[PDB]
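Heads up, what comes next is one protein chain in two forms, each shown on its own as structure tokens, labelled structure 1 and structure 2.
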Structure 1
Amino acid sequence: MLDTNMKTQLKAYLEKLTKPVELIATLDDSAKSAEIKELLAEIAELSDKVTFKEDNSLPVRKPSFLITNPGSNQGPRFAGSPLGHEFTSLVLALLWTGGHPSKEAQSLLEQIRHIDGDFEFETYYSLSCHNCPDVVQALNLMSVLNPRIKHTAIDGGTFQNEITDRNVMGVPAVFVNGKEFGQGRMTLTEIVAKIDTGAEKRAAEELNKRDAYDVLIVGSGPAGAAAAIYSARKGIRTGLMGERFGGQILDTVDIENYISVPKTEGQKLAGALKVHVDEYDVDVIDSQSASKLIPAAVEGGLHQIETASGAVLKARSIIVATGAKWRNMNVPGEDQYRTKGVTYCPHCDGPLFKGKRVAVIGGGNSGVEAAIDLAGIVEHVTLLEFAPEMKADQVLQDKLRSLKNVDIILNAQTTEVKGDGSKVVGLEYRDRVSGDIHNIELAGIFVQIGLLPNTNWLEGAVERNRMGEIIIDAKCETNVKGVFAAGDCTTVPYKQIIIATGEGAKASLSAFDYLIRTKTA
């Protein structure tokens, strides 16, 4: 039922065919079936690339035909007349099946190819339906890109029959696997959303496709945040990635040494950092965890970060700001009395125990230095050391043994933190030698057994000291060009919020200075 212009115009399009096309028909003795036989022979006529063939014993619509390549059973099937407004759809299904390319978003297309679930679409149209082609053409394209997406297009002029049976009251009307999918004007983009629950992952492929950063900051505590603020203010493209925005300050309550602010709270401060961050153009990336640094192979290259989630981000410069973890005793009551008398930091919380008894756990330099600090402020200090002797510098031991409100206990292993449901009232320990159990009354317990930088994931990539800290010069430079570090994860001597933010700012200004010094066209 091709007219003069469709025939001549189709001859033009058909010479685009790089591949062989077969139209496989399944037909009864109906007038319409003859209508369709005729049509297919008319098209086979117009190119040696197209051959027409019958198989009338197949479990499908009569009349219908498949458009495929030789040997495949993959491609769009029309049932009824593929003309009317759908002539362009017919041409197009032929063209694609014979290797003319889609006009579409290539990315969308590869998305379609790699899709797991099975699917059997069916669209209802009528020849006069001005809107049905885009939808038909959309879903035809799918059947060609992936064999697990079947698509039959149904002309309602033939099966006025079936329109009734599924009570379709308006066309185009799409169905998936028997279930009603939707109707009216749906672009390819919208159908593909609806269909694939898909990979949730691609924040992942989403990360992989983002552009290289001028600077990418890893770790979003105080240090990383300060870095980000200083970076974005120079207008360079900046990314701040980390596991959990706020870092260690999220798990603290009272903070009295964030200079200028007499008293704030961990949560308030983390939120105030977020707000200060969001004033600038910063790609903030939360709950991602860096698992490797790949240093640039050349002086104008890109550094790369891998994430535990599998993604790879790229940057001209990196700032690592992953902080550290204070070693826990791991004993019953510890978790329960964090911030309620169990603390990890004498500078932070010392003044809160004037008049009170406290313990320090750890006989290293950390603890011993902590006990002398606390001794000056508190009514009494007990230091518990796990081993038979203290690890501290002798000159610190002497000094701590000099004082008159301190007790040192050796071989002592804390077994329990004791509170009253609200706050610490004591401590329980074991003599590791005798196995006997002892009890102390106190209000504060300062754990000073060790810091652990969050830097194992950099082994071999940048240089660390013997405690895991990333070595930096005053400019926050590591031993790899273009890679900087700030905060508790570095060799910086003291671990504090106001110190962390400062280093962050420094690292960023060094990063900027590096970027501008390094280009050479």
Structure 2
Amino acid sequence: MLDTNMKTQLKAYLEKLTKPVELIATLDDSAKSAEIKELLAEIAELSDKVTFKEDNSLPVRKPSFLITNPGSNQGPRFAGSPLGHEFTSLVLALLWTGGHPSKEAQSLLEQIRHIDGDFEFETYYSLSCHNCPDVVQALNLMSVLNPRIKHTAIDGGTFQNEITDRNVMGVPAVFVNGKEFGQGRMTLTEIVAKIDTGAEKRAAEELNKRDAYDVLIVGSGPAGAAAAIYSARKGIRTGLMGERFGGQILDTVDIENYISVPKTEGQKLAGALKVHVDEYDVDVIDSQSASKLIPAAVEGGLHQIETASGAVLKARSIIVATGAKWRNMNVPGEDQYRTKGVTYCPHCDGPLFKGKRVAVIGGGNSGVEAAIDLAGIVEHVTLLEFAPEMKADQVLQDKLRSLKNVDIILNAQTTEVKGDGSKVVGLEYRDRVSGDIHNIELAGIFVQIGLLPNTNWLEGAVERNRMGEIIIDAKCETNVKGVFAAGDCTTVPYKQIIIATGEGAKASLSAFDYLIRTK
């Protein structure tokens, strides 16, 4: 079966074996079974560390053989001929099983050992195929590294009926637990990536190892970033964790009121915040969400933050800077025209609409103030109120109705934002009583339905007002000793970047003062 060349190479690699290896065949009386038998004999005679056994009573394919260690049933199975262009695959299988290490990275190898699921792989190959080896070898290696991962490599030239019954149209053809998995060349990395779902757990295990922090800042927007800088500058152990470094500003373009910078941009500004943070000793943790706070049982103890990923961080002081989310209209066109006429901020975008018509969505204090605000700058304001009447303070309603370039539409529910492919040109809405549809021509839509502070994760831990805002005092202190908050998520009455950053700096100074008095 093997020629002189093949024996020579094989004997060369068998000499790299440390551990003994068993080849357990299950055969019938076919010529192909005889060939396999002859084959395993030739390999065995090339090494005192390779033993050939039969066990023809096993419920596996005939012929096939298992590549395993003494006293084990773990390892790759080859059904049919393992020669032709699978010869290298066979050789590698003997090697790995007998102790010889893979060339793959250790990140990859550990990942494979830690795969947390039960998988039975079957690879259909043929002896002339050039894409098959890499696939077969990848799966083979996994069977060696992880006993929950099983692999049988099948020669389609021996099991033609399986090829036909299973409607395999090309090789290599992979199935996992009976389901089609892949076709064509896949890398070990790719295969591992298809089935591994342990990334979240690994990240969480990294985090669990972190030492306690002097200050742990939750939320990495402008407020959290500012706090981190003020904290780290004092040389204390500072952690900064957040879902997305940069916060709300990543979703805007032009910013013209970040004091002393006449014009910057949301993405650019977040990049600058990151550079400023990285000048100091800040442990920045990204793509993580605090899911619970557990206050120290007594003052001076450690506060604990749990993450959605399952980790627990601990710290002598906490700064909550999780900001907020504006409520959307949830209509077609809305997302598409964000920064192109749809805006959530009159303080920010008001001056860009001189001589233009705009709408304000929402009739509470925010919307109605926004309307009055814009009315003094723009040519015309239409306010849309969903309900039969506005909720805003009466003095605001009176003021707005006194304005000459304003109309108010009650019972009005936006249905669509209309643009010209580039910017907003109008608004479609429904009158909720009659059901009639109406269109308004305008250049801007200020959505002012309400703000949603990112604080429900804190329910029962720290006190919030009736709007979800974390109640703070002048020192950014919550009702929990050692726990502070800064920026949009708090009761700070205005939501702006320069405001958030000032608060993050106050909160950080307060947290430091707290550490001095309790440590």
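Only residues modelled in both forms are compared. Superpose the two forms; the largest set of C-alphas matching within 1.5 Å is the rigid core. Each residue is numbered by where it sits in the sequence of structure 1, with counting from 1.
- Among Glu200, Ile259, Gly460, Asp29, only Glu200 lies at the hinge, the spot where C-alphas switch from fitting one rigid part better to fitting the other between structure 1 and structure 2.
- Between-form comparison between structure 1 and structure 2 gives a rotation of 66° for the smaller rigid part, taken against the larger part from C-alpha superpositions.
- For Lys209, the CA shift between structure 1 and structure 2 after superposing the rigid core equals 1.1 Å.
- Overlaying the rigid core between structure 1 and structure 2 leaves the Cα of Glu35 displaced by 35.4 angstrom.
- Core-superposed comparison between structure 1 and structure 2 places the only run of three or more consecutive residues whose CA atoms all shift by 2 angstroms or more at 1-203.
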